[PDB]
Each structure stands twice: as structure tokens, then as C-alpha cells.
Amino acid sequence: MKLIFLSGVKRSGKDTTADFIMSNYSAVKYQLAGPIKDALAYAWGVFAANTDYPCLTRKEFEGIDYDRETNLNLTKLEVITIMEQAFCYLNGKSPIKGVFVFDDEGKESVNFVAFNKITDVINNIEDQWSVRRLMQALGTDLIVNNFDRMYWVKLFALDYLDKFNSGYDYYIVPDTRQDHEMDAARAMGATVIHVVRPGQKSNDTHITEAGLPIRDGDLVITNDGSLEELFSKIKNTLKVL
């Protein structure tokens, strides 16, 4: 099995490569942001539970025919509430450094110190709450920035370890957005492929919306033409490996 980490800003063609590979080769995919979406979909269902709030499922968090920028009109309090349930869920996948979960009959809650950082981080955010802003808050503003910088790479490793000895030719991680995550991928022998559109950028100011450095060893597919030309560049990059 070969471990491939793709890198590319929004609309660079990185997403097309990902899809080209998944359908023309024996490949298994792992999204670093997978568990983030899972944790939110579970937290939502718990929040919106017996409310009149829109029912948002995993498919909506996946953005499948749902716009994730759609303002959800949430208050910082609701959001804190959601973030706390998301944590309870995740703590169950893999322990988050400094978080404990307590139970009061189906009512899970995080320890005060962790509840306090969530509170503090959220109160400082003045953006509007979209499915997209909640993903960035959970993943980056909270977890990476304040609890465990390597948490999403860690859940990745647990998946990889269950899968490396299977019959797939490739194992693809398409959504890495932080440099330190690329660093771990590289330490682990991953082949990093950057899909680049000559002089281009993604409209998001999040650091999860910016472009990662090409370090040596990194391969690069320059998407400066037709789609057929992208497909050839991809077939030829992979044949190299």
C-alpha cells in the first residue's frame, strides 16, 4: 500500500485529482476532517434534539447539496453547548488531552477547565455560525490550537493501522490543511502531492484555507491546462511511484 497526502487550496484541482485516483485505482480514502463532521453531526442531533431547529445530518455536514456557509443564527451559548457535546463524542474515539467526560444519566459534560477554554475560545469569535464555521472552530480554534495539535493526525494513524495490511494499492488523505500535519505525514513515509493552479488562492482567511509549503521530496502537479492534461499528469505521477 502507498500512503498519499494531497495538498491544494480550494479549486486548485486537488479535489479532481482525489476523485480521479479514487475511481481509476484501488484506493481507500481517509479525511482528516472526517471525525470533525462526525462529532458535529452527533452534537447537533443532541442539541436540536427536541427543538424546532433545522435537522442537519452527516450528509449536510458533508455539504452534500447543503450550503455550509448558510448562517445558522446560533448564539455563543448554543455553540458552546454544541462544542461540549462534540468533545464528549470525540473523547470516546480517542482521549483529548486535558478533557474528562462526566455523566449524569445520558447527560454528558466536560470538566470545568476544558469547559472554560471552550467558553473562552467561543466568546472571542465574532463570525456568524455556519456549518463551515463550526468545523473550523471545533477542529482548529479549539482542538488544534488549545488541546492537542496532533489530534486529527492521531485518529488518522488509528485508521491507517487498521488498513495498511489490506489489498488496496493506495491510501489517500485529501484534506490536510496544517503544515504540522504534513510534517507527520512525511515522517511516516507518505508521498505528498501538491496540486497547483499557477498563481492562485482560496478565499478563506482560515489557516485551514491557505496553501502549504512544498518541501523537498514533495511532488507537484501544476494544473495549468485542460482536464485531460490534468489526468495525464496524474497518471504519469503515479506511475513514477
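Residue indices: 1-based, along the sequence shown.
K.L.:
Could you check which stretch, 225-233 or 17-25, carries the larger mean CA temperature factor in the entry?
P.N.:
The stretch with the larger average C-alpha B-factor is 225-233.
K.L.:
Do the CA atoms of 196-204 or those of 58-66 have the higher mean B-factor in the entry?
P.N.:
Looking at the record's C-alpha B-factors, the answer is 196-204.
K.L.:
So if I compare the CA B-factors in the entry for 182, 39, 172, 46, which one is the largest?
P.N.:
By C-alpha B-factor in the record, 46 ranks first.
K.L.:
Just to confirm, going by the entry's C-alpha B-factors, which of 50, 191, 31, 178 comes out highest?
P.N.:
It is 50.
K.L.:
Would you mind checking where the Cα B-factor of residue 240 ranks among the modelled residues of its chain, as the lowest, middle or highest third?
P.N.:
CA B-factor rank for residue 240: highest third.
K.L.:
Should residue 112 be placed in the lowest, middle or highest third of its chain by the C-alpha B factor in the entry?
P.N.:
Middle third.
K.L.:
Can you tell me whether residue 139 has a C-alpha B-factor in the lowest, middle or highest third compared with the other modelled residues of the same chain?
P.N.:
According to the entry, residue 139 has a C-alpha B-factor in the chain's middle third.
K.L.:
Of the three thirds of its chain by CA temperature factor, lowest, middle or highest, which one includes residue 94?
P.N.:
Lowest third - that is where residue 94 ends up once the chain's C-alpha B-factors are sorted.
K.L.:
Determine, from the deposited record, the chain-internal third of the Cα B-factor for residue 102: lowest, middle or highest.
P.N.:
Ranked within chain, residue 102 CA B lands in the highest tercile.
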